[PDB]
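Below sits a lone chain in structure tokens, taken as the form deposited in one PDB entry.
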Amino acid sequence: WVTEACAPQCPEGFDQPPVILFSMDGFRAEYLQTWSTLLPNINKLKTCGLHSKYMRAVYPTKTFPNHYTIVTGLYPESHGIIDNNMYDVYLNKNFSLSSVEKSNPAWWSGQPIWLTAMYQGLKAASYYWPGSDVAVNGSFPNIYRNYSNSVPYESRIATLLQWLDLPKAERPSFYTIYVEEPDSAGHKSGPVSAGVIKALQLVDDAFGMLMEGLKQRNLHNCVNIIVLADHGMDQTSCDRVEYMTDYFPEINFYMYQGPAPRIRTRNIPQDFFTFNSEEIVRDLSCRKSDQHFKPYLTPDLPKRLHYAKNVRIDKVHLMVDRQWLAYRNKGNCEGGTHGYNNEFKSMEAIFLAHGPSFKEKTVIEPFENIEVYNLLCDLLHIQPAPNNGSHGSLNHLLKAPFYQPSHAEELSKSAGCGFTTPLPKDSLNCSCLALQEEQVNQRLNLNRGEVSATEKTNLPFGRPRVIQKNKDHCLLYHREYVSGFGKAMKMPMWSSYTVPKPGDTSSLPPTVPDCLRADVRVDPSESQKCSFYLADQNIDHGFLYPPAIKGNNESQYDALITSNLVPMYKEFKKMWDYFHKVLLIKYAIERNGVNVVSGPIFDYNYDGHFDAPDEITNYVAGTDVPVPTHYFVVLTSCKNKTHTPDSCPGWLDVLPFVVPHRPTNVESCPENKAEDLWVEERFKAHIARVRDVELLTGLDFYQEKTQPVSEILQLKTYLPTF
């Protein structure tokens, strides 16, 4: 097989292709790009089959959370396996790899792919995989093996080949096979060592034995084989470890140490919820100038990580820097480890695929492991259980896709806010001493041609659709921007505008000061008052669309209205204004103009979904105007920089941000530091996917882009990395 040339040849009985999911623990993407030619069996798979540049793991980049994510399509917060070592307060039990509690089904939520196949009339076998030797939802796979780490790889392969030799009635359609290397070697001697080379050669022989075994049965081109990893590997040093003794005079708390630390009380379960989590994060914030970790209260963590909505995830979290460690005391440190941020290049996993369903000799762009579950379902011809993968985003991997995706149906239609009179019925305690005749409101009145012109420029991919039931809203059209106004919350849900490529940075008009007026289109009962922000001293009004970004002085008046106001904390406003005044211009030059869609996010229950009106817990003092938890900024331009975003036929380039709306900038540590040294760093830290923005807002983007839904899903699941 290994010497044989590249190839739907299935023998008698095999009507449907069998699916084999092969995991090689800690096989980082870097190992494939550098050492592939030293591994002839995996190199043939790379040459003949399909492979991604890398597969993004889930945070924390550990074995049990990631392996269970691959088979469920769920984030650790939803499936429950948040770490290899964890504690549940309600169960009052400790979970570990060396404990009996790992076999308790109470810890395992969701529906793994073996159960999905079993519930839909197919048989499933497994030679190891976290959760496969556990009676998840009161059921084990048809054939499974109780975990035993030292069983030789040949014996694991031989038993799997016996299962493929079984009669059609007994023969499973889905298979899992797990291997401990090159993770074990990575921990021992580091990612770039002789130990990992030997381990990579060992896993290549194991894969070679499987492929040669399949070739004898004439199943080498029949079987839909997937070779992947749970996470990557990085180098650790005893000279690169932060100690909690250097920050606290006395440690009375419990700490889950390493690359993804979690802090809780020692007095469990009595002091669990009582524990001052907010004190720990405050006492660890900006303590040292060259601090190699950042404390976070779980709802404040970057939204793209989706690591907060679970009782097992302790409120205190530490985001450890590349190649560093965080321990309780100075009293293992050498070699290598994983568990760090999934965006780190060293944490990237491998993904290779071969079979009749997969495209041959194909290199695909990086994707996330949460997407694998839907692909496994399409391969097995089964309906997927509710998961976090975008069904259809992985269709470019298949020769003939099983599922055809469609755009999310709009649940609420736009109504009202039409121009009737240029005279305001209510002043709303707003003042602009510059206006003289106030007939500038005639510019807010746009004819069918004027509306189409701004819809062509500022809405090139179509208006974001409202995927919310009974959401009273209207579209507000202006010559420089278009917004979707939320009537009940008295602010816009989204504001879309395409800034063209600017010429010079030196000559830039400032925002018209002390000028604010009522929008004649929106009813005063559905509008914000300027007096609302005078009463509340902590929050002030902010502009969602920057008035001075487009046109002239007369164009600014179209944005100096009550409908363009959003509640903002003074400290957040410093980041918001700097981004639109300095960073946005810089980005607009780099990608030949940029389309911006901005708006508020409400996620008080930190579940990654948009809040229902009853879920919002903070409002503008003495008013029903809600306070956003986050603000989104989705930058869209074209992949081919020769075209502007408003006039482009090819693929689009996206840069989404989900920035927390916090009263302080303690996350950035900006003490005696100008905005040019921390604002961009803070925005880049809170980069997310378009899908993340979509779930947090109940909006759906790019529904009017002439491209298949499957291709638009690739753009929506894309995570920009720097």
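In this text, residue numbers run from 1 along the sequence as written. If you superpose the two forms and keep the largest set of C-alpha atoms that fall within 1.5 Å, you have the rigid core.
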According to the PDB record, deposited residues with no modelled atoms between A7 and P8 number 4 to 9
Of the deposited residues between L435 and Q436, the number without coordinates is 4 to 9
Out of 504 to 512 and 78 to 86, which one has CA B-factors that are higher on average in the deposited record?
504 to 512
With B-factors read from the PDB entry, the higher C-alpha mean of 292 to 300 and 197 to 205 is in 292 to 300
Sorting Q383, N104, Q537, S148 by Cα temperature factor from the record, which one lands on top?
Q537
Considering only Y545, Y604, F632, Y153, which residue's Cα atom bears the greatest B-factor as recorded?
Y545
Chain thirds of CA B-factor: placement of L677:
highest
Just say lowest, middle or highest third for the CA B-factor of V179 relative to the other modelled residues in its chain.
lowest
Pull the Cα B-factor of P65 out of the PDB entry and bin it into the chain's lowest, middle or highest third.
lowest
C-alpha B factor of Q216, ranked within the chain: lowest, middle or highest third?
middle
B-factor third for the C-alpha atom of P356 within its chain
middle
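The form deposited in another entry exists for this protein as well; it is not shown, and the discussion that follows is about that form.
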Of the candidates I143, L202, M493, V316, the only Cα that travels 2 Å or more between the shown form and the other one, given a rigid-core fit
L202
Fitting the rigid core first, would the Cα of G232 be found 2 Å or more away between the shown form and the other one?
yes
Evidently the Cα separation of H231 and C48 changes by 3 Å or more in that other deposited form, so the atoms lie closer
